[PDB]
């Protein structure tokens, strides 16, 4: 049987996932998370929100893999746009991810780099190819690019522009890199999907509060369409 892990960061990012799948879920508490376990089209689906940020998302992804035996992990949620062509509600699939707030420059390491790791973490080529194929079939724009993750909500021109100049990132969030990193360490295929909620600038807090629901639903609907192909 296929076991698929489905993650968001916030409750609001998984509410539409649970609703759209429309099946009965058993709630299983572990490590401060609640995992929603159900069956959908001959697949076991395990849905959870990690809570915000890198430590939360690292923990939850590790629990999904070790405790629930998931064979793939699909992340769905919202993100800040760093580029003019990614508008509110647009979908992005992460090709690579970086931890943008990592700084070991005192030892002459590039920003984002940790010894025994890499700046950029890869996601699954096969899953990203699937996303692109289905987006083309649905006539929805799906961009691909680098996502930057850190433990700060970005809401300034200065920081946005650093993420673009340093990492060539297209979007910013607080969990993708950690989720993809854990999946890489365990050899588990990972796809990170995000819908834009804000422009990561001085108005981002207000934009985020306004568009979280709609953008979360947009990502959730696309994630469901991916699970339908697995």
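Residue numbers count along the first chain shown, from 1.
In this crystal structure, the stretch out of 171-179 and 65-73 whose C-alpha atoms carry the higher mean B factor is 65-73. Between the stretches 53-61 and 185-193, it is 185-193 that shows the larger average CA temperature factor. When the modelled residues of the chain are ordered by their C-alpha B factor, residue 200 lands in the middle third. In this PDB entry, residue 90 carries a Cα temperature factor that places it within the middle third of its chain's modelled residues.
Ranked by Cα temperature factor within the chain, residue 212 sits in the middle third according to the deposited record. Annotation for residue 220: C-alpha temperature factor in the lowest third relative to the rest of the modelled chain, per the entry. Annotation for residue 48: CA B-factor lies in the lowest third of the chain's modelled residues.
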